[PDB]
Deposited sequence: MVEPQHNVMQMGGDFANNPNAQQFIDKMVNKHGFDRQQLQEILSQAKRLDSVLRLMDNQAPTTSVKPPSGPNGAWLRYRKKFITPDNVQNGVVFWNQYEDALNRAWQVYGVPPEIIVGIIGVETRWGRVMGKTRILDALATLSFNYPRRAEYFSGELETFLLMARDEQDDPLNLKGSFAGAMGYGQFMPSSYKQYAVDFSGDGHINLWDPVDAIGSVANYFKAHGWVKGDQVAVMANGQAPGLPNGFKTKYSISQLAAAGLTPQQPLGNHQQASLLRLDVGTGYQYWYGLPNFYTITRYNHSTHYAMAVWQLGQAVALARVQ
């Protein structure tokens, strides 16, 4: 009947003689009441995926922006985005009212992330997270905390840690939430009492809550294209310049910037030259989801492209 197996102190699998795995097991038992033998049986089935390690290590004008953009903004994609928007219009409108994050932004996020649920990932979250926690020193602490949180999520939401699949970094569902993002920002938007990242309605409200929690200002502008070139200045979402500095560099806003006294300098490689943008606070917020200028511009433009296609 009851099999404590106090003596089975040694697990097999790819993490058997791994000190990190043992320390992690100790932590989970001590800190959360996890049973060592149960956890060992789980981690013994965990796999050390070398590809997850090679991929994390791997992370002019030649048209760079255009190549990234065509991966997400195509007729097929925009069309699929319209379908997703109409199918979940109530959930999107309700997220707009509760969090102040517009439907196009959520449609854009979920679009760039999983093509509205068509590409959720094929890697078991446990394998990816265990690999990065135990065989990847550089970000071993971050990922260990992700693994720690994933295992508590499996317990709380009554999931099997081995059945859940996602990205090579362990991101999950429609919005590709990392375990800690789930813990801090996910919400039961569907109202069934359970926070499921694979439920389109939950992902929608969770993406909006994540945005609001990261500073999204309702009604404010994301980015404003500029007339002109400013080759002297450095660029990226991390940069910061006053409007006065940008004007003196040869730029003018195609749209009124209002009370915005500062902006970042975004530069997109459009093949024939460079396209300059005034990055406003809301664009910085989009990058809090995924630290990339290209990622955020794709999310924004796809959302806008889908928004237009609905009107037509």
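Residues of the deposited sequence lacking C-alpha coordinates fall in a single stretch, 60 to 69, numbered from 1.
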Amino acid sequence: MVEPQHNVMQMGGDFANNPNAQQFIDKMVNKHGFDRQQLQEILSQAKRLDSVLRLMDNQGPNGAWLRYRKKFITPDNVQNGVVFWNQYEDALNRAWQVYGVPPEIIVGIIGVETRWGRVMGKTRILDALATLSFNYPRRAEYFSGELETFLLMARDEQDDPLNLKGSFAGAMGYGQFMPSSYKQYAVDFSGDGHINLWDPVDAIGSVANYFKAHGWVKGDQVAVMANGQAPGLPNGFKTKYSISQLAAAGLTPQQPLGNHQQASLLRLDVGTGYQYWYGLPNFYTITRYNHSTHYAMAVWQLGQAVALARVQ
From here on, numbers count along this sequence of modelled residues.
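So that the term is clear: the rigid core is the largest set of C-alpha atoms that superpose within 1.5 Å between two forms.
Looking at 199 to 207 and 134 to 142, the one farther from the shown form in 7 other deposited structures of this protein by average CA distance, after a rigid core fit, turns out to be 134 to 142. Relative to the displayed structure, the C-alphas of 60 to 68 lie farther away on average in 7 other deposited structures of this protein than those of the other candidate, with 282 to 290 and 60 to 68 compared after rigid core superposition. Between 99 to 107 and 161 to 169, it is 161 to 169 that carries the larger average Cα temperature factor according to the deposited entry.
The stretch with the higher mean CA B factor, choosing between 120 to 128 and 232 to 240, is 232 to 240. Considering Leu280, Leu266, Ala46, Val29 together, the PDB entry gives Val29 the largest C-alpha B factor. Sort the modelled residues of the chain by CA B factor and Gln275 lands in the highest third. Among all modelled residues in its chain, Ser51 ranks in the middle third by Cα B-factor.
Among the modelled residues of the chain, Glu146 sits in the lowest third by CA temperature factor in this PDB entry.
Residue-level temperature factors show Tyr68 in the middle third of its chain, judged at the C-alpha atom. Per the deposited record, the Cα B-factor of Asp156 falls in the highest third when ranked against the other modelled residues of its chain.
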